[PDB]
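Take a look at the structure below.
Proteins get letters first, then strands, A, B, ... in listed order; numbering begins at 1 in each. Computed from heavy atoms alone, side chains included, the values below leave out hydrogens, waters and symmetry copies.
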There are 4 protein chains.
Amino acid sequence: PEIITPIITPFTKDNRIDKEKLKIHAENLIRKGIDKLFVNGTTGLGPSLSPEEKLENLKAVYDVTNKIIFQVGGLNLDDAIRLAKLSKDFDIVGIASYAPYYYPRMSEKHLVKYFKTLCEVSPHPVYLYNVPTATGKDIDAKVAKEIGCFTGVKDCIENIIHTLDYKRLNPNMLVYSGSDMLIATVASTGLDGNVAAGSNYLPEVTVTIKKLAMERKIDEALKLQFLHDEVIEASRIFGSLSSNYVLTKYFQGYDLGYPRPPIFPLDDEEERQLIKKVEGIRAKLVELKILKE
Amino acid sequence: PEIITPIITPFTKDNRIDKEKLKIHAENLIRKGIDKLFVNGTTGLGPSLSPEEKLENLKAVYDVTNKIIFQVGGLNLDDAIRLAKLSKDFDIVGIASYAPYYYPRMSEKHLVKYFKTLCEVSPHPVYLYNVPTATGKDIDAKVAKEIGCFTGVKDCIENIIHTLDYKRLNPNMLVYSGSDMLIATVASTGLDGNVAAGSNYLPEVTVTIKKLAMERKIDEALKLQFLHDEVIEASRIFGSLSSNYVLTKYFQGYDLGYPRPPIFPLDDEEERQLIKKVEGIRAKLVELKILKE
Amino acid sequence: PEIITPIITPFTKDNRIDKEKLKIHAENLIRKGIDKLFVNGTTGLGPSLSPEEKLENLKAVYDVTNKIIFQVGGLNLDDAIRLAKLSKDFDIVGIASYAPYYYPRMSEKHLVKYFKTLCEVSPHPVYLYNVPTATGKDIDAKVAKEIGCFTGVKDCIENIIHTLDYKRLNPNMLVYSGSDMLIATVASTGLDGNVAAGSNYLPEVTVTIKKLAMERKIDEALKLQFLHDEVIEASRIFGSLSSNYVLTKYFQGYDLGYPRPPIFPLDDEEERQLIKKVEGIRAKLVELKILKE
Amino acid sequence: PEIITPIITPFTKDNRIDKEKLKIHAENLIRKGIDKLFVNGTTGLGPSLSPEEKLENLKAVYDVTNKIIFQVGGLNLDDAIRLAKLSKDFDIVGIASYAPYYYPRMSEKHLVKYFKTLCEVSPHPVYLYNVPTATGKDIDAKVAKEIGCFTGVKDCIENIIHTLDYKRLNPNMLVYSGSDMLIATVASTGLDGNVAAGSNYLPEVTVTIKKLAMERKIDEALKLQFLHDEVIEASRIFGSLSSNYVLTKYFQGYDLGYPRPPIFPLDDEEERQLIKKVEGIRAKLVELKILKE
């Protein structure tokens, strides 16, 4: 199984993508053992990016690696089609789309047609990005089978029964969990990995949990998983999407600029309180020789 | 109380805003007694529109009437601020915004900051567009009071207790329901009206329910309201954002073009079945001298 | 429209129904204009009562009034049939049942069959007691119509659209809301009334909200309704089902013994704090001549 | 890890516990490799049982094994205290309780006092039976730690993150999942096993999945897990609690009498269709020598 980072998008003070800081971030992640980078996901504020900015993001990361899954979805299908087609020039793993978000009670037929339209035009394998909380609708294993053209799925529902059902109804499909808290479990139960937001800032930990579980050292894996869980929990106190910037600087030593408002940066008191919550975890991780001091 | 139409955005076959159809539609609504038009709401596919298209809609409708509430929200706060400021040269009722959509578990502190930022740059009164199912989070009567700068709220939660709570904690706020099914009830219980998607295709019915209820002919109001309820239910079978187009053409005579994929247009069979579902109600409505032939 | 009290069940110190306290409570409620009494409801801790105790409750209230709805349901259909048959010799308004509770995902077919069984043996009109949060399933206007034998429904779903749909699909059915917060609205919109727990301790308020709304004094109605809303909120702080005992003592003068554990009585600290939060509301209510000093 | 059966309660045609058919069933399960028997759970219609019947069940099963967890909760704490004490003269693994069901919005204070009381009087280890869908409330890892007297937890929430949290916050605690679909996964990820309703009728399947997983043949475990999943899904078509009787007869030979209405027994055509749905699976389990011809 794999650890895939849904890579953060760093913005400048001028609310433009900071390509320099992004390439630095990407190259650290690859050097620390991340298998692939998922570009323009939730964690990368994808829905906050214009079609042109989704492409800009791909180009900056592609300078670093071609191990990219390129998220192109949106509420203007023509733009999503144009991004799928433009990805022909890039030798990447695949493209991806969440379900059309916002609109409630969309018909299954219209959801199916949306995804099939993207497969029709795609020059690469197509991955399902299933984020039911964010989009308001689930594309479960049966609808995924009906759509019939997904090479893989990232399932962000917190219920591994749901995630396992993709593999049961679609045995050739690659199946990942979007949970940071299930890295140990996914690796130990036969699924293909995790698209883990927390690997932005502790890629060392996410990869080590996975290695330990693969080696059937389930107890060590779980004790490290539980330390990772505490960081995730601390990241949610002030909003995880904003907190992920602060944590990546704290743990990895470089900065990722700003988020895009209304994903607002943490203020200096929140930054201090957050670091307070993870100070001790860092020291334990250095002690354990997972982080350089 | 008032009926406010969250007006549909007609698109051309090539997925541009059809300004001529929009103006025809807006004038008909105004002529048929609709009080105000809510522009770039859910029903107008607001989240599907670029800032530039949101401005185009404002300009086209403003050519027809100044009785506009202008919805400007999105996931790029700079764009929302730019639209807010641009509205200064339009003599309209107000601006509005939904909460930042898509992203789950946003901090209340950031939600409050987002809305307060819009209030601070707004040259018109600001309305809260509370659509918790579409955006994933509620801005309830207490958070609204804490934001403190709303002139009104349109509440699309199906719970009239929630809606009355705005009036209770914010006595001077204008409070509307988003439910077509609660026109009779809203007008009877002291609320300020409904922002009703169904008034796109049956403005005569929505206005008439309101008037019957105001006249305290409650039995008459509910009878009409219940016929209007069945049209709403029919519109949901194939997807209501798409069906609203077919139903406007069917009941009002003129067509509104296409929606914007992935809100796909109803096919010929869906349209047949939808008309069959509402044929009877139409003849009933003409019998009652609510619709002409 | 009517006000119906889901009457509290007083228990002694050794955990028996205090028949004498129950009769005093029922007498007061009737004296102050409560139309009917709903016996063995949620608020009376019906689920915590043996069939023998459900019968004792009925016999005690029956000494006071024939304006009784006798709730008989449970998870042993033989007991519910037996209670239904025993009611034959009581001059009462009707019996009622909630859906079988606890068990998730019961088939609709089994749900319908439970209620039709009770209708078949019942010597009185049968009322649907729709408490979906408490039971785990909803019996909506469509299933009610499918069952076909309900004389009325009490709808404790907080969504008045849902409630109105019972009238729309079942025009001859009596339709009550279970919310203390919709007395004004129910009375204004043509529904049949409220089954209001808070009428246990402020019958005078609930009766007065209704008359005001009936007299089309909606603004006075809402100002009183909003006062009542705050008492309801206060009662939730430590648990409404327990708090309901303290507030009856406080507003109406007599105590109602204890609840049945694990519905524990409020300790003395909680009781102090609860009273603190309604003191002001009491003051105003005396000031408005609704309560006696 | 272990497999624990929440044992079905067989009823006679006149709705009394059929003690002899229970003993046959408990005997078969122990013979086929089940580790422990969970008595008076959901699957055994625990909540439909009076205190006397709950004890009847203990006694009958206790003639077969002492490997028993005795569920004793209900909505009268005195009855639950009495069953707990009565357990002193049986040499069993422990007693258990779900949270007080039906009543919504009970304070955490009162929930903690409910369980701590049971611990204060219990002569055996106390297990948490966490069934949030049935009771309407969750007793999560935090609340379970605050209570502080649980030897173990059975977690029926379908979210293994929530299940793992019990062990993270309570490392000495035995932690089971209530899901049949997570037998392979639970064993692979370091949890203590499954309380599986489906082991009533395919104990061979559930024990084998468990063994395959602890042998790190995850591929094989999952192939069998996925076959069992189809059976679980089949069982839900007509109501799983009633279908569990029909499937125990079909797969294991002996019948278990009747459920207790309103858990109604399947009718002849429902039994027909249910068998048609699990016919193929029975074959492949024979072909695999998991089931004898």
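Proximity to chain D is limited to the side chain of A:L182, based on heavy atoms less than 4.5 angstrom apart. Using a 4.5 Å cut-off between heavy atoms, A:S179 touches chain D through its side chain atoms alone. Using a 4.5 Å cut-off between heavy atoms, D:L169 makes no contact with chain A at all.
Sparse packing is recorded around CD of D:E108, with 12 or fewer heavy atoms of other residues, nucleotides or ligands lying under 6.0 Å away. Annotation for D:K276: atom NZ does not count as buried by contact number, only 12 or fewer foreign heavy atoms lying within 6.0 Å. Atom NZ of A:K32 has more than 12 heavy atoms from other residues, nucleotides or ligands within 6.0 Å. Crowding of A:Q273 atom CD: a count of heavy atoms from other residues, nucleotides or ligands under 6.0 Å exceeding 12.
D:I160 has its side chain out of reach of A:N159: every pair of non-hydrogen atoms, C-beta onward, lies at least 4.5 Å apart.
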Between D:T189 and A:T185, is a side chain to side chain donor-acceptor pair (under 3.5 Å) present by the stated rule, with each step listed? CA-CA 5 Å; D:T189 194; A:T185 300; 2.6 Å; yes
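Chain A forms the most heavy-atom pairs under 4.5 Å with one residue out of D:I157, D:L191, D:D229, D:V186, and that residue is D:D229. When D:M181, D:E158, D:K167 are compared by the number of non-hydrogen pairs under 4.5 Å with chain A, D:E158 comes out ahead.
The heavy-atom pair separating D:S188 from A:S188 by the smallest distance is CB-O, 3.1 Å.
Within residues 210-225 of chain A, the residues that have a heavy atom under 4.5 Å from a heavy atom of chain D are A:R216, A:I218, A:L222, listed by number.
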